[PDB]
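Enquirer: My file is coords.cif. It has mmCIF, N, CA and C atoms:
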```cif
data_final
#
loop_
_atom_site.label_atom_id
_atom_site.label_comp_id
_atom_site.auth_asym_id
_atom_site.auth_seq_id
_atom_site.Cartn_x
_atom_site.Cartn_y
_atom_site.Cartn_z
N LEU A 407 -15.28 -5.79 -26.31
CA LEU A 407 -14.71 -4.85 -25.33
C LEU A 407 -15.66 -4.60 -24.17
N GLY A 408 -16.94 -4.38 -24.47
CA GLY A 408 -17.94 -4.37 -23.41
C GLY A 408 -18.04 -5.70 -22.70
N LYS A 409 -17.86 -6.80 -23.45
CA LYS A 409 -17.77 -8.12 -22.84
C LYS A 409 -16.54 -8.27 -21.96
N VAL A 410 -15.52 -7.43 -22.16
CA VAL A 410 -14.44 -7.33 -21.18
C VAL A 410 -14.89 -6.50 -19.99
N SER A 411 -15.52 -5.34 -20.27
CA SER A 411 -15.61 -4.24 -19.31
C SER A 411 -16.41 -4.61 -18.08
N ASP A 412 -17.66 -5.06 -18.27
CA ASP A 412 -18.46 -5.52 -17.14
C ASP A 412 -17.86 -6.76 -16.51
N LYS A 413 -17.21 -7.61 -17.32
CA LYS A 413 -16.47 -8.75 -16.77
C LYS A 413 -15.32 -8.28 -15.90
N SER A 414 -14.71 -7.15 -16.24
CA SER A 414 -13.73 -6.57 -15.33
C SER A 414 -14.41 -5.89 -14.15
N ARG A 415 -15.60 -5.32 -14.36
CA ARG A 415 -16.19 -4.44 -13.36
C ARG A 415 -16.67 -5.21 -12.15
N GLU A 416 -16.99 -6.49 -12.32
CA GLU A 416 -17.31 -7.31 -11.16
C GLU A 416 -16.05 -7.68 -10.38
N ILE A 417 -14.92 -7.84 -11.08
CA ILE A 417 -13.69 -8.29 -10.43
C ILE A 417 -13.16 -7.21 -9.49
N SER A 418 -13.26 -5.94 -9.90
CA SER A 418 -12.98 -4.81 -9.02
C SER A 418 -13.80 -4.88 -7.75
N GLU A 419 -15.08 -5.25 -7.88
CA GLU A 419 -15.95 -5.39 -6.72
C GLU A 419 -15.47 -6.51 -5.82
N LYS A 420 -14.91 -7.57 -6.41
CA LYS A 420 -14.30 -8.67 -5.67
C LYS A 420 -13.14 -8.20 -4.81
N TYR A 421 -12.46 -7.12 -5.20
CA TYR A 421 -11.41 -6.59 -4.34
C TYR A 421 -11.94 -5.60 -3.32
N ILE A 422 -13.07 -4.94 -3.60
CA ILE A 422 -13.64 -4.02 -2.61
C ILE A 422 -14.12 -4.79 -1.39
N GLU A 423 -14.78 -5.93 -1.62
CA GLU A 423 -15.13 -6.84 -0.54
C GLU A 423 -13.89 -7.44 0.10
N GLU A 424 -12.76 -7.45 -0.61
CA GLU A 424 -11.49 -7.75 0.03
C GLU A 424 -11.08 -6.63 0.97
N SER A 425 -11.12 -5.39 0.47
CA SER A 425 -10.34 -4.31 1.06
C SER A 425 -10.88 -3.90 2.43
N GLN A 426 -12.21 -3.83 2.56
CA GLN A 426 -12.81 -3.51 3.85
C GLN A 426 -12.53 -4.60 4.87
N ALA A 427 -12.42 -5.86 4.42
CA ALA A 427 -12.04 -6.94 5.31
C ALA A 427 -10.61 -6.81 5.80
N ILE A 428 -9.78 -6.03 5.11
CA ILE A 428 -8.50 -5.62 5.68
C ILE A 428 -8.70 -4.45 6.63
N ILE A 429 -9.51 -3.46 6.22
CA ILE A 429 -9.61 -2.19 6.94
C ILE A 429 -10.25 -2.39 8.30
N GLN A 430 -11.34 -3.16 8.36
CA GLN A 430 -11.96 -3.51 9.63
C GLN A 430 -11.10 -4.41 10.50
N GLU A 431 -9.97 -4.90 9.99
CA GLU A 431 -9.00 -5.55 10.85
C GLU A 431 -8.08 -4.53 11.52
N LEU A 432 -7.65 -3.50 10.78
CA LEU A 432 -6.73 -2.50 11.35
C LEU A 432 -7.41 -1.72 12.46
N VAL A 433 -8.70 -1.41 12.28
CA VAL A 433 -9.49 -0.74 13.30
C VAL A 433 -9.60 -1.61 14.54
N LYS A 434 -9.49 -2.93 14.39
CA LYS A 434 -9.30 -3.76 15.58
C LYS A 434 -7.89 -3.58 16.12
N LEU A 435 -6.87 -3.84 15.28
CA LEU A 435 -5.51 -4.02 15.78
C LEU A 435 -4.87 -2.74 16.27
N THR A 436 -5.43 -1.58 15.92
CA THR A 436 -4.94 -0.34 16.51
C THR A 436 -5.32 -0.24 17.98
N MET A 437 -6.56 -0.66 18.31
CA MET A 437 -7.20 -0.28 19.57
C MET A 437 -6.48 -0.83 20.78
N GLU A 438 -6.06 -2.11 20.72
CA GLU A 438 -5.30 -2.71 21.81
C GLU A 438 -4.01 -1.95 22.08
N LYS A 439 -3.33 -1.51 21.01
CA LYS A 439 -2.15 -0.67 21.18
C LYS A 439 -2.53 0.66 21.81
N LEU A 440 -3.66 1.24 21.39
CA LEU A 440 -4.20 2.40 22.09
C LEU A 440 -4.58 2.05 23.51
N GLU A 441 -5.13 0.85 23.72
CA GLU A 441 -5.39 0.39 25.08
C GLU A 441 -4.09 0.24 25.85
N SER A 442 -3.02 -0.20 25.16
CA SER A 442 -1.71 -0.29 25.78
C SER A 442 -1.08 1.07 26.05
N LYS A 443 -1.71 2.15 25.60
CA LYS A 443 -1.29 3.49 25.96
C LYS A 443 -2.26 4.18 26.91
N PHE A 444 -3.45 3.61 27.16
CA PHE A 444 -4.27 4.17 28.23
C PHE A 444 -3.79 3.67 29.58
N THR A 445 -3.48 2.38 29.66
CA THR A 445 -3.06 1.75 30.91
C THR A 445 -1.73 2.28 31.42
N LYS A 446 -0.93 2.90 30.56
CA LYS A 446 0.26 3.60 31.04
C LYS A 446 -0.08 5.01 31.48
N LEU A 447 -1.00 5.67 30.77
CA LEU A 447 -1.29 7.07 31.07
C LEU A 447 -2.08 7.21 32.36
N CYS A 448 -2.95 6.25 32.67
CA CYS A 448 -3.60 6.22 33.98
C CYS A 448 -2.62 5.91 35.11
N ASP A 449 -1.39 5.50 34.79
CA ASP A 449 -0.34 5.53 35.80
C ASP A 449 -0.05 6.95 36.24
N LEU A 450 0.11 7.87 35.28
CA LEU A 450 0.56 9.22 35.60
C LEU A 450 -0.50 10.01 36.34
N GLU A 451 -1.78 9.63 36.16
CA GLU A 451 -2.90 10.17 36.94
C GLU A 451 -2.67 10.04 38.44
N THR A 452 -1.96 9.00 38.86
CA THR A 452 -1.46 8.96 40.22
C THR A 452 -0.20 9.80 40.39
N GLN A 453 0.83 9.52 39.58
CA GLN A 453 2.21 9.77 39.99
C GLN A 453 2.51 11.26 40.06
N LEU A 454 2.05 12.01 39.05
CA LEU A 454 2.20 13.46 39.05
C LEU A 454 1.51 14.09 40.25
N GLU A 455 0.30 13.59 40.57
CA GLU A 455 -0.43 14.09 41.74
C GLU A 455 0.30 13.75 43.03
N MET A 456 1.12 12.68 43.00
CA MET A 456 2.00 12.36 44.13
C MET A 456 2.95 13.51 44.42
N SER B 356 38.87 -50.87 -41.46
CA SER B 356 39.60 -49.96 -40.59
C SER B 356 40.30 -48.84 -41.37
N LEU B 357 39.70 -48.38 -42.47
CA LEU B 357 40.18 -47.18 -43.13
C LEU B 357 39.40 -45.97 -42.65
N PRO B 358 40.07 -44.85 -42.39
CA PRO B 358 39.36 -43.67 -41.89
C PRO B 358 38.48 -43.04 -42.96
N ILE B 359 37.40 -42.43 -42.49
CA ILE B 359 36.38 -41.83 -43.35
C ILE B 359 36.65 -40.33 -43.40
N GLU B 360 36.21 -39.70 -44.49
CA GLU B 360 36.35 -38.26 -44.67
C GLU B 360 35.65 -37.49 -43.56
N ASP B 361 36.24 -36.35 -43.17
CA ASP B 361 35.64 -35.51 -42.14
C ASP B 361 34.37 -34.84 -42.64
N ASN B 362 34.35 -34.46 -43.92
CA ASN B 362 33.19 -33.83 -44.54
C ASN B 362 32.10 -34.82 -44.92
N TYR B 363 32.27 -36.10 -44.56
CA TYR B 363 31.22 -37.09 -44.64
C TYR B 363 30.69 -37.48 -43.27
N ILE B 364 31.55 -37.43 -42.24
CA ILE B 364 31.08 -37.53 -40.86
C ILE B 364 30.21 -36.33 -40.52
N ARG B 365 30.60 -35.17 -41.06
CA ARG B 365 29.83 -33.91 -40.86
C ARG B 365 28.64 -33.86 -41.83
N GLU B 366 28.50 -34.89 -42.68
CA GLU B 366 27.40 -34.96 -43.64
C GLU B 366 26.32 -35.94 -43.24
N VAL B 367 26.69 -37.12 -42.76
CA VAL B 367 25.70 -38.10 -42.30
C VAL B 367 25.02 -37.62 -41.03
N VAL B 368 25.80 -37.12 -40.09
CA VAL B 368 25.26 -36.60 -38.84
C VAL B 368 24.55 -35.27 -39.07
N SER B 387 -2.66 -29.29 -25.90
CA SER B 387 -3.92 -29.08 -25.20
C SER B 387 -3.98 -27.70 -24.58
N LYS B 388 -2.90 -26.94 -24.74
CA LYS B 388 -2.81 -25.58 -24.22
C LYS B 388 -3.38 -24.54 -25.18
N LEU B 389 -3.95 -24.97 -26.30
CA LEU B 389 -4.55 -24.05 -27.26
C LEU B 389 -6.00 -23.73 -26.91
N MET B 390 -6.80 -24.75 -26.61
CA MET B 390 -8.23 -24.55 -26.39
C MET B 390 -8.52 -23.89 -25.05
N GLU B 391 -7.59 -23.99 -24.09
CA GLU B 391 -7.77 -23.42 -22.76
C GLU B 391 -7.82 -21.89 -22.77
N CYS B 392 -7.37 -21.25 -23.84
CA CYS B 392 -7.54 -19.82 -24.03
C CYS B 392 -8.65 -19.47 -25.01
N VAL B 393 -8.90 -20.32 -26.01
CA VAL B 393 -9.90 -20.01 -27.03
C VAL B 393 -11.30 -20.17 -26.45
N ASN B 394 -11.51 -21.21 -25.63
CA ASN B 394 -12.81 -21.40 -24.99
C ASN B 394 -13.12 -20.32 -23.97
N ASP B 395 -12.11 -19.65 -23.42
CA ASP B 395 -12.34 -18.54 -22.52
C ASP B 395 -12.37 -17.20 -23.23
N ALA B 396 -11.86 -17.13 -24.46
CA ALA B 396 -11.95 -15.92 -25.26
C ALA B 396 -13.24 -15.84 -26.06
N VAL B 397 -13.87 -16.98 -26.36
CA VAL B 397 -15.18 -16.93 -27.02
C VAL B 397 -16.25 -16.46 -26.04
N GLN B 398 -16.21 -16.93 -24.80
CA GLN B 398 -17.21 -16.56 -23.80
C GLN B 398 -17.11 -15.09 -23.42
N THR B 399 -15.95 -14.68 -22.94
CA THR B 399 -15.74 -13.30 -22.51
C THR B 399 -14.82 -12.57 -23.47
#
```
Output the structure of this file as structure tokens.
Expert:
Amino acid sequence: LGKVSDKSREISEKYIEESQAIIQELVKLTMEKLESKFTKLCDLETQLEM
Amino acid sequence: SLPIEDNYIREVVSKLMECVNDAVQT
């Protein structure tokens, strides 16, 4: 059972090194969409003042 | 060409070690 447990405990670590490699992708893929909302909002910086 | 009885026609008519070798180790 201990021969299972540590053998399982490394495999969990194999998914943690997976999971951040997903998470650090979302932190990329959000930003351009946020960038796609700055370039519209700096429109209104003109237009309302018009 | 004589017919035969019906009750005589009705009368004549490596995947093991692949788990054990992995269960001994872990």
Enquirer: The PyMOL selection byres ((chain A) within 8 of (chain B)) on the file shown: which residues, as an MDAnalysis selection string?
Expert: chainID A and resid 407:411 413
Enquirer: Taking the DSSP assignment computed from this structure's backbone, write out as a PyMOL selection string all residues of chain B that belong to helix (DSSP H, G or I).
Expert: chain B and resi 361-367+390-398
Enquirer: If you measure from CA of residue 444 (chain A) to CA of residue 432 (chain A), what distance in Å do you get, rounded to one decimal?
Expert: 18.3 Å
Enquirer: What is the distance, in Å and to one decimal place, between CA of residue 434 (chain A) and CA of residue 416 (chain A)?
Expert: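 These two atoms are separated by 28.1 Å.
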Enquirer: Just give me the gap between atom C of residue 454 (chain A) and atom N of residue 439 (chain A) in Å, one decimal is fine.
Expert: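 Between atom C of residue 454 (chain A) and atom N of residue 439 (chain A) the gap works out to 25.2 Å.
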Enquirer: Complete region 357-396 of chain B at the level of N, CA, C and O atoms, written as an mmCIF file, keeping the file's coordinate frame.
Expert:
```cif
data_model
loop_
_atom_site.group_PDB
_atom_site.id
_atom_site.type_symbol
_atom_site.label_atom_id
_atom_site.label_comp_id
_atom_site.auth_asym_id
_atom_site.auth_seq_id
_atom_site.Cartn_x
_atom_site.Cartn_y
_atom_site.Cartn_z
ATOM 1 N N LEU B 357 39.700 -48.380 -42.470
ATOM 2 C CA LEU B 357 40.180 -47.180 -43.130
ATOM 3 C C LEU B 357 39.400 -45.970 -42.650
ATOM 4 O O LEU B 357 38.176 -46.061 -42.492
ATOM 5 N N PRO B 358 40.070 -44.850 -42.390
ATOM 6 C CA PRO B 358 39.360 -43.670 -41.890
ATOM 7 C C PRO B 358 38.480 -43.040 -42.960
ATOM 8 O O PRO B 358 38.758 -43.096 -44.161
ATOM 9 N N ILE B 359 37.400 -42.430 -42.490
ATOM 10 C CA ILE B 359 36.380 -41.830 -43.350
ATOM 11 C C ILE B 359 36.650 -40.330 -43.400
ATOM 12 O O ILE B 359 37.299 -39.767 -42.515
ATOM 13 N N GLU B 360 36.210 -39.700 -44.490
ATOM 14 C CA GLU B 360 36.350 -38.260 -44.670
ATOM 15 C C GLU B 360 35.650 -37.490 -43.560
ATOM 16 O O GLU B 360 34.598 -37.906 -43.062
ATOM 17 N N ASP B 361 36.240 -36.350 -43.170
ATOM 18 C CA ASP B 361 35.640 -35.510 -42.140
ATOM 19 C C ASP B 361 34.370 -34.840 -42.640
ATOM 20 O O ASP B 361 33.391 -34.702 -41.893
ATOM 21 N N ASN B 362 34.350 -34.460 -43.920
ATOM 22 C CA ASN B 362 33.190 -33.830 -44.540
ATOM 23 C C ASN B 362 32.100 -34.820 -44.920
ATOM 24 O O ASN B 362 31.116 -34.438 -45.562
ATOM 25 N N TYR B 363 32.270 -36.100 -44.560
ATOM 26 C CA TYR B 363 31.220 -37.090 -44.640
ATOM 27 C C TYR B 363 30.690 -37.480 -43.270
ATOM 28 O O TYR B 363 29.510 -37.812 -43.140
ATOM 29 N N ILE B 364 31.550 -37.430 -42.240
ATOM 30 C CA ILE B 364 31.080 -37.530 -40.860
ATOM 31 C C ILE B 364 30.210 -36.330 -40.520
ATOM 32 O O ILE B 364 29.158 -36.463 -39.888
ATOM 33 N N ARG B 365 30.600 -35.170 -41.060
ATOM 34 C CA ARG B 365 29.830 -33.910 -40.860
ATOM 35 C C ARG B 365 28.640 -33.860 -41.830
ATOM 36 O O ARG B 365 27.883 -32.878 -41.776
ATOM 37 N N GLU B 366 28.500 -34.890 -42.680
ATOM 38 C CA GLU B 366 27.400 -34.960 -43.640
ATOM 39 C C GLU B 366 26.320 -35.940 -43.240
ATOM 40 O O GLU B 366 25.134 -35.615 -43.364
ATOM 41 N N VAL B 367 26.690 -37.120 -42.760
ATOM 42 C CA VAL B 367 25.700 -38.100 -42.300
ATOM 43 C C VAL B 367 25.020 -37.620 -41.030
ATOM 44 O O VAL B 367 23.789 -37.667 -40.907
ATOM 45 N N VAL B 368 25.800 -37.120 -40.090
ATOM 46 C CA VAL B 368 25.260 -36.600 -38.840
ATOM 47 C C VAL B 368 24.550 -35.270 -39.070
ATOM 48 O O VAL B 368 23.329 -35.194 -38.993
ATOM 49 N N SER B 387 -2.660 -29.290 -25.900
ATOM 50 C CA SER B 387 -3.920 -29.080 -25.200
ATOM 51 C C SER B 387 -3.980 -27.700 -24.580
ATOM 52 O O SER B 387 -4.982 -27.318 -23.970
ATOM 53 N N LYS B 388 -2.900 -26.940 -24.740
ATOM 54 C CA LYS B 388 -2.810 -25.580 -24.220
ATOM 55 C C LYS B 388 -3.380 -24.540 -25.180
ATOM 56 O O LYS B 388 -3.300 -23.342 -24.887
ATOM 57 N N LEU B 389 -3.950 -24.970 -26.300
ATOM 58 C CA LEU B 389 -4.550 -24.050 -27.260
ATOM 59 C C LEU B 389 -6.000 -23.730 -26.910
ATOM 60 O O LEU B 389 -6.386 -22.553 -26.917
ATOM 61 N N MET B 390 -6.800 -24.750 -26.610
ATOM 62 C CA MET B 390 -8.230 -24.550 -26.390
ATOM 63 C C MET B 390 -8.520 -23.890 -25.050
ATOM 64 O O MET B 390 -9.578 -23.270 -24.886
ATOM 65 N N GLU B 391 -7.590 -23.990 -24.090
ATOM 66 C CA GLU B 391 -7.770 -23.420 -22.760
ATOM 67 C C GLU B 391 -7.820 -21.890 -22.770
ATOM 68 O O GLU B 391 -8.278 -21.299 -21.782
ATOM 69 N N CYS B 392 -7.370 -21.250 -23.840
ATOM 70 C CA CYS B 392 -7.540 -19.820 -24.030
ATOM 71 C C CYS B 392 -8.650 -19.470 -25.010
ATOM 72 O O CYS B 392 -9.312 -18.445 -24.833
ATOM 73 N N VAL B 393 -8.900 -20.320 -26.010
ATOM 74 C CA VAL B 393 -9.900 -20.010 -27.030
ATOM 75 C C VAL B 393 -11.300 -20.170 -26.450
ATOM 76 O O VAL B 393 -12.199 -19.356 -26.715
ATOM 77 N N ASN B 394 -11.510 -21.210 -25.630
ATOM 78 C CA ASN B 394 -12.810 -21.400 -24.990
ATOM 79 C C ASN B 394 -13.120 -20.320 -23.970
ATOM 80 O O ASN B 394 -14.303 -20.082 -23.681
ATOM 81 N N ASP B 395 -12.110 -19.650 -23.420
ATOM 82 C CA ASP B 395 -12.340 -18.540 -22.520
ATOM 83 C C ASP B 395 -12.370 -17.200 -23.230
ATOM 84 O O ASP B 395 -12.860 -16.216 -22.666
ATOM 85 N N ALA B 396 -11.860 -17.130 -24.460
ATOM 86 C CA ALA B 396 -11.950 -15.920 -25.260
ATOM 87 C C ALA B 396 -13.240 -15.840 -26.060
ATOM 88 O O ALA B 396 -13.668 -14.737 -26.427
#
```
